[PDB]
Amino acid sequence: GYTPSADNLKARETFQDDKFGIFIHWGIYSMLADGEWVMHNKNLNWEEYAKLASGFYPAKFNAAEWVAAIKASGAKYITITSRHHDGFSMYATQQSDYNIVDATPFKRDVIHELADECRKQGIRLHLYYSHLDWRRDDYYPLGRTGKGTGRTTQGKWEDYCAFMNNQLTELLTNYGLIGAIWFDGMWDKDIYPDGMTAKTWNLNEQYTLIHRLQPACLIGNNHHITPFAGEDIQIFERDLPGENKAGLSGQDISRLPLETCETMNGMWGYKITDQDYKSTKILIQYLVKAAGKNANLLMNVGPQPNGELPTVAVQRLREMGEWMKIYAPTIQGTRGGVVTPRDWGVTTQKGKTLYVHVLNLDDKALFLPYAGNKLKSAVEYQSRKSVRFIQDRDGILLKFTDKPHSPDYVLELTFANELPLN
């Protein structure tokens, strides 16, 4: 079956080292400013919806400003929508004239500009690509969604698979190195009996094509189930691995590198009525919790129809970056800690070092259930002040002089041996 290349293994380890990326959902739906699902939610006719492209002009778009504001947060990569459910391509494809260059007065390939700036600025580029299409008539038979977009013709599914293959080829050919392909949407056909099989979705052909073009490119698929052979990362939508508070998960944690995706406000695409952006404290803690469960955090912003990133999102990214300036070594380059997440916080680890991230504790002591490795020292990460501890065969007890500050009271524990990997 699938044995991943060595460049692919390095790519997985670098991805886990990086820990933090930014999601970008941008399209012509940003004009309606009611979320990226508006075409299906309001049952918009595909022709009338497509008429919006000839008025799309994000005049204030600036790839350099975007990538700079994201880099400033500590994030190391950007995952951007190359084509979402509405079928509109945000790059210069030759498989359809329904794209940013040919169908709008903007006439610019924004994915190419962003790739150039990511190269220049040391940020890796990941591409989201939708298996689901609400406009094309060769997406036949239909799944659960999209029955109200006014399609009145049928094509062959083979033609749609060819279309996807050629678009994937283009994206892996004209834009430099691509960190990952992020498939989404096959959950649409989970109503038919064979709706989540690799053969209906042509997954083996597609994955093999991807890895032939760029063997170090990682593949993830947001299907919410057990990863298919060929995927290089596992995705959890709006939940940490092993949690299901949002109801879109519940699948077993595989052995692939893990990534949790989340929105900074409540919606992926720009939504003018949704201005409730999570606080900087919440976002820092979300990243720390992700890292403590051995997962990356892919945090989303939805660009405005004038081309700017929301100002509040840029503020949050800058404040997260101020925090990262001090604490990134306790997150980036680490893995999930030997003590798994607890109500008080989490732990990350690197070599012989265990970082204890105390996120939610008002007592002045903390029990760590870990034994068999001589603890040789404990200090506060920032101040370097020493932390009193008692170690025995049952575990470790840390005692604090003050009881802890927000948003993260971090202790650095140094052990004699190891730290293990479960």
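All residue numbers refer to positions in the sequence shown, first residue = 1.
Trainee: Can you tell me which stretch has the higher mean Cα B-factor, 16 to 24 or 397 to 405?
Mentor: That would be 397 to 405.
Trainee: Do the C-alpha atoms of 147 to 155 or of 318 to 326 have the higher average B factor in the entry?
Mentor: Higher mean C-alpha B-factor: 147 to 155.
Trainee: Is the Cα B-factor recorded for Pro227 in the lowest, middle or highest third of its chain?
Mentor: Its C-alpha B-factor belongs to the highest third of this chain's values.
Trainee: Looking at the temperature factor on the CA atom of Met31, which third of the chain's modelled residues does it land in?
Mentor: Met31: CA B-factor falls in the middle third of its chain.
Trainee: What third of the chain, by the recorded C-alpha B-factor, contains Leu411?
Mentor: For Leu411, whose C-alpha B-factor we compare with every modelled residue in the chain, the answer is the middle third.
Trainee: Lowest, middle or highest third: where is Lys51 by C-alpha B factor in its chain?
Mentor: Lowest third, going by the recorded CA B-factors of the chain.
Trainee: Pull the Cα B-factor of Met90 out of the PDB entry and bin it into the chain's lowest, middle or highest third.
Mentor: Lowest third.
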